[PDB]
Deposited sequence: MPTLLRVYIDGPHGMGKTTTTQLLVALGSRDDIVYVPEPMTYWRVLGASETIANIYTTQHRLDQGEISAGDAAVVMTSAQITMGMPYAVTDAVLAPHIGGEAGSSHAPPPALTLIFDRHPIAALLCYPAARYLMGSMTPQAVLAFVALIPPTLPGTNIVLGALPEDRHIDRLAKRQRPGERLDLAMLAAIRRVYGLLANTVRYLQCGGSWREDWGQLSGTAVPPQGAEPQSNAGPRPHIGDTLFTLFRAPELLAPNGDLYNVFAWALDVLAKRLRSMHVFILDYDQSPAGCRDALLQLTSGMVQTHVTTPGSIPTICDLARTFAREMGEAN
């Protein structure tokens, strides 16, 4: 009965996520912790050409008024489905090896990932919807495709003052503060959504309360402070006023996929070593899982090294 610890580092770009996780990985034994890094190689080359470059210019040309909404939406939608592929595929090959949950002895293997599938099938799409470059229907199609949430899905979101974030961000993608505001808002919403569901929130019961951040602590947030609030869009509403059932079912799925997640908030308003040690203290309350076969440890380990080996920076 060997155990596994899976930790997905996620949240808005530009906070220091990659650095903190390399630092955490650099403390461990080469063989008891493996990092699944950002698939930069799939991105700029393998899946398509310069994927991040096509996105930031299309929104920039949508702002100006050089290309309509529909035009930007088709480009944003296809960019996202291609961008999320590595996360989805990783999740699908690992799935069969993950047993039930399980404080406990040291995990036999710790897998740290640069992002979870929900960044590409939920968060980024919702942020683009708020920026006007994606339709709500398309965001819900992404949501309906989120894979079943595996036991022990530990997701680490980040915290950081916007002023420090804007400054960290300005390093050299283009300088898009509106998008920065939109993605921070969506991740704030995401943490509250997990809290809401874990405290027994039923969006169907509270839908009517809509008009006009901690993920594992505190009281139940108001539905207005969760991701459900984004789906009040007239496009999704029938002539009767309520959501078409098709979109309501997607919110049911959103609710199911996030209800079982374990979310932690890491403060990035610190030096790199500071972030590392805090992430390392956080991993202590995270949930481990048993693996289905005995050979899953080495198997999974190989899968992760291969991904790192072929798709990093």
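- Message: Need the unmodelled segments of the deposited chain, numbered from 1, in order.
- Response: Missing CA coords at 103 to 105, 176 to 179, 220 to 228, 330 to 331.
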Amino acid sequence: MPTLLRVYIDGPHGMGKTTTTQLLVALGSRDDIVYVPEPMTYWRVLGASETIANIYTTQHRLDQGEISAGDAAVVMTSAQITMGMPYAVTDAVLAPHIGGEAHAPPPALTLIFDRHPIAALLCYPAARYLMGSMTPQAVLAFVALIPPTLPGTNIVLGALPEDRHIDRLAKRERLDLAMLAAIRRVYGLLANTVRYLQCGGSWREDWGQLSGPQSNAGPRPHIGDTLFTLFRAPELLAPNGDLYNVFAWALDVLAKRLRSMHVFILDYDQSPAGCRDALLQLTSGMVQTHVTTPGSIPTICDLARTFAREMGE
From here on, numbers count along this sequence of modelled residues.
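By rigid core we mean the largest C-alpha set that fits within 1.5 Å across both forms.
- Item | Higher-deviation segment by CA RMS in 7 other deposited structures of this protein, core fitted, 118 to 126 or 203 to 211 | Of 203 to 211 and 118 to 126, the stretch deviating more in 7 other deposited structures of this protein is 203 to 211.
- Query: Are coordinates for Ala104 absent in a third or more of the other compared PDB entries?
  - Reply: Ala104: unmodelled in a third or more of the comparison entries.
- Third-or-more of other entries without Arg172: Looking at the other entries that model residues on either side of it, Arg172 is missing from at least a third.
- Got a sec? Mean C-alpha B-factor, which is higher, 58 to 66 or 260 to 268? Comparing averages over the C-alpha atoms only gives 58 to 66.
- Task: Higher average CA B factor in the deposited record is what I'm after, so tell me if that's 135 to 143 or 232 to 240.
- Result: Comparing averages over the C-alpha atoms only gives 232 to 240.
- Message: Quiz for you: based on the deposited Cα B-factor, which of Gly158, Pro106, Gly208, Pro86 is highest?
- Response: Top of the list by C-alpha B-factor: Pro106.
- Out of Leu190, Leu175, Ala181, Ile81, which one has a C-alpha B factor higher than all the others in the entry? Across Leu190, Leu175, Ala181, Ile81, the entry lists the biggest C-alpha B-factor for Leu175.
- Query: Comparing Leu4 with the other modelled residues of its chain, is its CA B-factor in the lowest, middle or highest third?
  - Reply: For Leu4, the deposited C-alpha B-factor lands in the middle third.
- Ranked C-alpha temperature factor of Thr289 among modelled chain residues, by third: For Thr289, the deposited C-alpha B-factor lands in the middle third.
- If you rank every modelled residue in this chain by C-alpha B factor, which third holds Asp225: lowest, middle or highest? It belongs to the middle third of the chain when residues are ordered by C-alpha B-factor.
- Query: Lowest, middle or highest third of the chain for the C-alpha temperature factor of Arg128?
  - Reply: For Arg128, whose C-alpha B-factor we compare with every modelled residue in the chain, the answer is the middle third.
- Task: Compare the C-alpha B factor of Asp163 with those of the other modelled residues in its chain, then answer lowest, middle or highest third.
- Result: For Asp163, the deposited C-alpha B-factor lands in the highest third.
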